[PDB]
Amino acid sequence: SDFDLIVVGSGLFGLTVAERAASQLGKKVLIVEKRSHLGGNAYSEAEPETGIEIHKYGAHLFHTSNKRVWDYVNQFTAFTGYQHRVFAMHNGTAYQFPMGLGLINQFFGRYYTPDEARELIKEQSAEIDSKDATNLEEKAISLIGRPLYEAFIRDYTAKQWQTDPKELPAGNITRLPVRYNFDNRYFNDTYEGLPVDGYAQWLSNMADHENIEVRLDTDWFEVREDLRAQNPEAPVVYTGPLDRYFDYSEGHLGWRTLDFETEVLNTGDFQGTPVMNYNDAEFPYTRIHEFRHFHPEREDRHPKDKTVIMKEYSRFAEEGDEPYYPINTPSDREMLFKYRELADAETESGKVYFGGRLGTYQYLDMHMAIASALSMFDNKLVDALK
């Protein structure tokens, strides 16, 4: 046949499943993608005026401690030695971040040794016991104290969730967000970096295989009856929205979205670092990204006098908005279990598998999407394609 497997969506989940079927099982794979490009939200592109690589669906930082995943992705791209570091703007000062000896010195006014900082945090947080906390605000204060909570956590959290922290689950904070050393590496994973030639080239390489066909600007729901009629026995891996697949018969799952305000400025350097969080309520955005600093190795291809920045705004996703993060209210959880039983039935009756962020109503980092795809391949698709 012209194809042995259909994959709906070309995000990292779809690309991984397609590439494994193509290269490991020698199967013909048809990828159906609604957007004008491959890669899902990880896709990046050159900004036209400056040539700087930017993102339109969020900045993407790759990091993992999963060696299988790391070895896998390096078949398709090399990675730079980039290490993510973040700074936090509070009350006119840029603080070292996350909370550690650096921030503690800057905020409390003098140097605390590791042991002295441990003592300070015990003092500050003595007010509430974490076992007695009823919401996010209290759970935070129970761990780091009111001054730190009110300076670096309260307004930022309020902006991201569009909700007062007193109205959020104590379960949203599960560990001490304080380091007792000067290490400000943002991620803790064994492997980390950015694709040397950008995300678009990486993701394009994954789909570049003699056995893989890609159809862009194609909505599954508009072509599915025709495609499956060509080869009824070919399974489908669906990574589109779960609720939309079943015609919202159990209601609309709720998502957070993001607005991005992207500007080209007439300076070579706006903030001197890739990411500046804005922790104060007076700034409506949560953080500013300055894209050139994600690739300092590209400096003599970047303009000397221009730079691209992007401000990030958080809100509830309405009709038309890109769905990014599951909200997960108990109402949401409710209709999800209902959709899971529909999906499981659809797999057994129709050979349609559900995966990915949209297909399963679950936020997935890139390495987690890859791991999840590798697992579906190993445990389900190898059998279904014999």
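Residue numbers here begin at 1 and follow the sequence given.
Per the PDB record, of the two stretches 232 to 240 and 160 to 168, 160 to 168 carries the greater mean B-factor over its C-alpha atoms. Stretches 79 to 87 and 115 to 123 differ in mean CA B factor, with 115 to 123 having the higher one. Based on the entry's C-alpha B-factors, the most elevated value among 190, 74, 96, 142 belongs to 142. Among 29, 61, 317, 69, the highest C-alpha B-factor recorded in the PDB entry belongs to 317. Split the chain's modelled residues into thirds by C-alpha temperature factor. Residue 354 is in the middle one. Compared with the other modelled residues of the chain, the Cα B-factor recorded for residue 43 ranks in the lowest third. When all modelled residues of the chain are sorted by CA temperature factor, residue 296 is found within the middle third.
In the PDB entry, residue 197 places in the middle third of its chain by CA B-factor. Residue-level temperature factors show residue 104 in the middle third of its chain, judged at the C-alpha atom.
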